[PDB]
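Note on naming: letters A, B, ... go to the chains in the order of the sequence lines (proteins, then strands), and numbering restarts at 1 for each one. For ligands, and for the atoms within them, numbers begin at 1 and follow the listed sequence. What you see below is based on every heavy atom in this structure, not just the backbone, and it leaves out hydrogens, waters and symmetry mates.
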Number of protein chains: 2
Amino acid sequence: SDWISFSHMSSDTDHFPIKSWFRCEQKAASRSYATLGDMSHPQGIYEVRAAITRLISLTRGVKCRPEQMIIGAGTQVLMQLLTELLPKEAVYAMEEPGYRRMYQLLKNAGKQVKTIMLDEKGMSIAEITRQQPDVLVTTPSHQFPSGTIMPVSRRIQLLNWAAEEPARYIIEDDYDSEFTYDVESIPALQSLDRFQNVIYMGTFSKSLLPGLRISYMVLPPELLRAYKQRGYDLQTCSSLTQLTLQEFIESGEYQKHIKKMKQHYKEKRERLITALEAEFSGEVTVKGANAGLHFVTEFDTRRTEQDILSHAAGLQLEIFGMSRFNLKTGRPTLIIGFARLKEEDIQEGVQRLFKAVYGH
Amino acid sequence: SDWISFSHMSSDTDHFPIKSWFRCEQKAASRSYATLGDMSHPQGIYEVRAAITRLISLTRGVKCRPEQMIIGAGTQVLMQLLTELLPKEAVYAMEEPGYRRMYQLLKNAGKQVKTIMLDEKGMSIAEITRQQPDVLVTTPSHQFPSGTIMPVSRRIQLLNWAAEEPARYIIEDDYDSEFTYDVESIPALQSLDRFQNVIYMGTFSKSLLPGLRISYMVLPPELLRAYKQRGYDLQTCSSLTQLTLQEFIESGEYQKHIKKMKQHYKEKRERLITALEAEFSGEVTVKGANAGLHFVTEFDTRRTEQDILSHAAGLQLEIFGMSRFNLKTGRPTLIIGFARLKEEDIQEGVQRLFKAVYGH
Ligand SMILES: Cc1ncc(COP(=O)(O)O)c(CN[C@H](CF)CCC(=O)O)c1O
Ligand SMILES: Cc1ncc(COP(=O)(O)O)c(CN[C@H](CF)CCC(=O)O)c1O
């Protein structure tokens, strides 16, 4: 099987410093072996939380203390916990299109979920004003899946909405925030907030490996107060993985890895986009390519979205359609992930994509 | 700080084959490295599930197929999932005393939880008959915390109750089931069932390390059918830890480890009990010492339970009281864990316990 992946759900393994990660694991183990016989602190190991706290403060401008952070064996399990801290009758609002898994979670939890359309600045403040939700779920760095980078002006507008009335919350899902392309980084919503109505959520799945299972979220003082009154929660993220992450960060291996990958991802994205317009002779529209590890491609073709997806499968091309992210009409659109995609598979994979779309 | 631990929440690190575990990790990694770039199958990696399936079939007699198993980053997260598969208005029944964390979870989930007292055969079938619950939560191998081993006759009685009426479930929490002392092993409730009304739950926290975070549960066909209709769940247990566990088991390292520890735990328990009656001159009543990694000690003393716990702290002795496990009166009773307890700390720790109980 000679498969080529344009999947957004896969990550890079070719350039991941797996030997350094293991060497960090050995060092952390031989240093904190005796602690492995006990269960971790429910919020996660303090030193690990402190290591992440410093990191996100530098890279995203996030203001927090380690006592506010909770780890974190996946965004969903943390989101599950978060819904139980927020008001039970809270009305949730998600981006349309958006993360369907998180949508289905909220629906299955008996919560009312409203869908918010997007403009060129991302999540529409006009629609939020109209539908009047309680909790916002947004992806500022790189809108999942449209890829729109929410500008500061829109970020300020959401912050104002949350601040002008009591019991309003913003869940900043800062997924896929490590990378931008020929545009500058923008501070997180949580950092621009003059108050404390933002829950910041992050993950290491795209910067490290998705199989590692480490996420985190930062609670506002009152929500943190509600969490501590539980007293029955147990840490879900592995202790070995926590201590390995701490060493990986503090040894400087993480920053060294990120520095290497921004250049790698920049070059690969450039080649892929160049190859796309070359093969399609400019008959492909690329959207949301200024950040993240995926972008969107629309096609002027007589074929439907599943006809394309079907042919791609027969051509051994792993790809997903944009209708996957509909929560609640025009040219067919696909999502193109280039994290796992090997550089040598670019020209071949783009040729296979052409056949899946046009036929020949 | 020269602390001695009688804690039931700690595990053995002195005799854990940590170097073998890492060597298993290296072998599994170099063999399945490419899979680390993708998220695991939501139920867990199939080969890992199959490895656990064969294991529990041999040791506990559990009848199941890998398709029925779900991993599994902790019993609580699996129990959380289980409450969402079972009927929403299901009335739960737990052992009194029992696992307070699991009790608080169910209460926080808006579920009605009834408490069932114990007799010499464990969870009272007479009280279950009287209170008429929907779902039973029990710990047959070693009752948490009383330590009573549920005999087959009582196991059969619970199975009959669940089978004589529709929509009745038994959650077999087979925690602390690896070890018995001078008594024979008893097949799991799930294995003795002539039908399929039992959910079998297990963990590797006591056989391996609690920081590893690997648990599992086996669903009945209909409950499995309800799980698959979700389609939004993500695996919470680390992929590296899964693949390491598989290698650890299949290489024969696990069986070799268990064989070594049963002899270790047997000798240590014997010495501890011998030391207890020697120091206390026979004025200590030991209960529930035929299995598990802890037993119960009652004391004829004028001191209350927290006076004892307080003095133990000042004497640098980590210990917990039995009132910790009350869900909803006589001689003070403490729980004595001997998993982490070093052999050289037995005589000293038992002397410290005497001072905490009697004063001198
Ligand atoms: C909106 C969003 N926030 C966070 C994550 C990270 O979750 P975690 O690693 O468990 O912390 C994802 C990633 N979701 C998966 C990407 F591979 C699945 C995509 C699909 O269902 O199309 C995501 O979309
Ligand atoms: C009844 C019961 N079933 C399972 C587990 C194992 O859970 P997990 O490792 O996450 O799979 C425990 C262990 N509970 C902890 C033991 F250290 C805490 C004890 C306390 O709260 O007293 C337990 O009591």
Could you label the plane-to-plane angle of the B:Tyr99 and B:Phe144 rings as parallel, tilted or perpendicular, counting under 30° as parallel and over 60° as perpendicular?
perpendicular
Expected contact list for ligand 1 at under 4.0 angstrom, heavy-atom basis, is A:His8, A:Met9, A:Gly74, A:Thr75, A:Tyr99, A:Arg101, A:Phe144, A:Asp173, A:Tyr175, A:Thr203, A:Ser205, A:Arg213, A:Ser215, A:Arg324, A:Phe325, B:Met39
Is A:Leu118 close to A:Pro97 at the side-chain level, that is, under 4.5 Å between some pair of heavy atoms?
yes
Heavy-atom distance under 4.5 Å between the side chains of A:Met94 and A:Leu106, does that happen here?
yes
Parallel, tilted or perpendicular: ring planes of A:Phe320 versus A:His8, cut at 30 and 60 degrees
perpendicular
Whether the A:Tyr265 and A:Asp12 side chains hold a donor-acceptor pair (N or O, under 3.5 Å, no angle test) is what I'd like checked.
no
Can you find a side-chain donor-acceptor pair between A:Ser141 and A:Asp174 that sits under 3.5 Å?
yes
